[PDB]
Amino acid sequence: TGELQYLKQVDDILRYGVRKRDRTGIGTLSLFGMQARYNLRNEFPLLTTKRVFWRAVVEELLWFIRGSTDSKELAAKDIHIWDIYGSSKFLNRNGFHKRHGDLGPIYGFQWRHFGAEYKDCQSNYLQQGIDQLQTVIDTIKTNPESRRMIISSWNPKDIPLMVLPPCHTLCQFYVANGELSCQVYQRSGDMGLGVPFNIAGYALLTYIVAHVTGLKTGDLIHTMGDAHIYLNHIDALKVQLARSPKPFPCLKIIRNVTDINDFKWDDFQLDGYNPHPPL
């Protein structure tokens, strides 16, 4: 059950799902404490039930990793998924003061820089805060077994300064028999979009540290907080589970990369991803 964890997850949110209300006002079917374990050995968990956005996932992570916070830098990659928050209008009438596209101390600030006072995006924070992103790489061959290897996006004092609180709060890593495995806690998840993107995103994150640390890839545990389906997309999702999912792709890396920050989207070669066409 590599692919079919997701599939019943969203049937369980239908049959047994509880009406709750979204923060937009649209009602959702809800469920708690979901748990999936995805297999990163000789496979990659890009779900073939619906075409995932692969460009966004990669270039968002490399945006997380480099310790960059901005709307432009993803925009510059022609990935506009965050650009709705960076705005003259969004920021300002959401009660923001001065800077003309900061996202606040969003993810990737809170990875490489933690507790660092936030002025604005492109003021460089090097040697500020605590860098979680790798204190783990530093940990991984220091003490491979450990309970300590964690990256926490939750910093509640900085959260009134973020444009949105982190939807995936944290991840922790684990080392057994020459293989790495990461569990990420997603406090809110959207089975439609949010989640399978998260599965791509965090699964990718291990694959990096895989050849970095010589370690193969064990597995990915995607743990959920509130898991939900929007009421509209039911009839649209119900056809999506009507589909027999097709086998998982493999991910490759051509460039041997020693530095966690030095990655970019042309490093990443995928093998055989053929999802189903939407409506």
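Start at 1 and count along the sequence shown; that's the residue number.
In this entry, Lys157 and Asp158 are joined directly, with no residue of the deposited sequence lacking coordinates between them. Averaged over CA atoms, B-factors in the entry run higher in 261-269 than in the other of 12-20 and 261-269. Comparing 133-141 with 186-194, the stretch with the higher mean C-alpha B-factor in the PDB entry is 133-141. The PDB entry assigns its highest CA temperature factor, among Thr217, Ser30, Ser244, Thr223, to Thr217. Ranking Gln35, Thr48, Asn232, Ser68 by Cα temperature factor from the entry places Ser68 first. Per the deposited record, the Cα B-factor of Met149 falls in the middle third when ranked against the other modelled residues of its chain. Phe90: CA B factor in the highest third of modelled residues in this chain (values from the PDB entry). In this PDB entry, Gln127 carries a Cα temperature factor that places it within the highest third of its chain's modelled residues.
Among all modelled residues in its chain, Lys252 ranks in the middle third by Cα B-factor. Among all modelled residues in this chain, the alpha-carbon of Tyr202 has a temperature factor (C-alpha) in the lowest third.
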